[PDB]
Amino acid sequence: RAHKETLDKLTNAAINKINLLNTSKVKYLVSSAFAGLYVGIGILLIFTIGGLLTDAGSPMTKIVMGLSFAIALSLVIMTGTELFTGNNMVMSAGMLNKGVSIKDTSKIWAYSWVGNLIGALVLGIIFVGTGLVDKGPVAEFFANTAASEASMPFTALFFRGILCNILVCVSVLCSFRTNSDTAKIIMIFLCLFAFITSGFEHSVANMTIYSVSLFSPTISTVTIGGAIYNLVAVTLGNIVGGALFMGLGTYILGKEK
């Protein structure tokens, strides 16, 4: 228990985030684009695995996918880049602790979400260019997954987005509470294993699901309207999980009253 010091670090991180954005939109957006791309890389890997194992009829598909997703947030944390979903916890705890304003929070949320999407778009374009989703099990895995995501009821997506960002943000929280980089990566691995395999939903990961499916001329299951519907529901859920649960929660634990 060093909840107070932890809240101090979250607050200092929120302050530094808005300071960076005020200093340089380009640096901020570039950082955000990296993080979106790094998360998408995890999606490329586990959807390749999904295609390979689904084709085979394996019962381990979802387990292997969850075990293999760690790289997504590991890369974000180890490169120090800006991820929308972690910003839900960091900005809300900072705002509650009076380090940043509500306008700082919406600004960081908006720019990091958009920058993240830019990363996912760039990745999607390059991945299609590889020819790796022209035809076959990986293309089909993207196609079928994107369509099921776009047709899932709003309540289901919302609540899955809540549980997802509790796991993502708590993995970010762990990284603020240890000085061991290996422990950070292990905690990320566990949290991402839990969230992927349990069936929870990450807004930024989903950007790459849709970017690949939409840019691919051979994937014809989904549509931009579908992408928006899914992303809105999941983003809202992520926000509630990261800001209302983790942000508020860590403020309560840490605030010297």
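We number the residues from 1 along the sequence you see.
Visitor: Please compare 92-100 with 112-120 and say which has the higher mean C-alpha temperature factor in the record.
Guide: Result: 92-100.
Visitor: Test of understanding: from the entry's C-alpha B-factors, which stretch has the higher mean, 129-137 or 73-81?
Guide: Comparing 129-137 with 73-81, the higher average CA B-factor belongs to 129-137.
Visitor: Hey, out of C191, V204, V26, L53, whose CA B-factor is highest in the deposited coordinates?
Guide: By C-alpha B-factor in the record, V26 ranks first.
Visitor: Taking the values straight from the PDB record, which of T221, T197, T208, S68 has the highest C-alpha temperature factor?
Guide: Out of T221, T197, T208, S68, the record gives the largest C-alpha B-factor to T221.
Visitor: Looking at the entry's B-factor column for C-alpha atoms only, identify whether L37 ranks in the lowest, middle or highest third of its chain.
Guide: Its C-alpha B-factor, which the entry lists for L37, ranks in the lowest third among residues of this chain.
Visitor: Would you mind checking where the Cα B-factor of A156 ranks among the modelled residues of its chain, as the lowest, middle or highest third?
Guide: Its C-alpha B-factor belongs to the middle third of this chain's values.
Visitor: State the tercile, meaning the lowest, middle or highest third, of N179 with respect to the CA B-factors recorded for its chain.
Guide: For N179, whose C-alpha B-factor we compare with every modelled residue in the chain, the answer is the highest third.
Visitor: Can you work out whether the C-alpha temperature factor of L44 puts it in the lowest, middle or highest third of the chain?
Guide: For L44, whose C-alpha B-factor we compare with every modelled residue in the chain, the answer is the lowest third.
Visitor: For the chain shown, is the CA B-factor of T61 in the lowest, middle or highest third of its modelled residues?
Guide: Middle third of the chain for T61's C-alpha B-factor.
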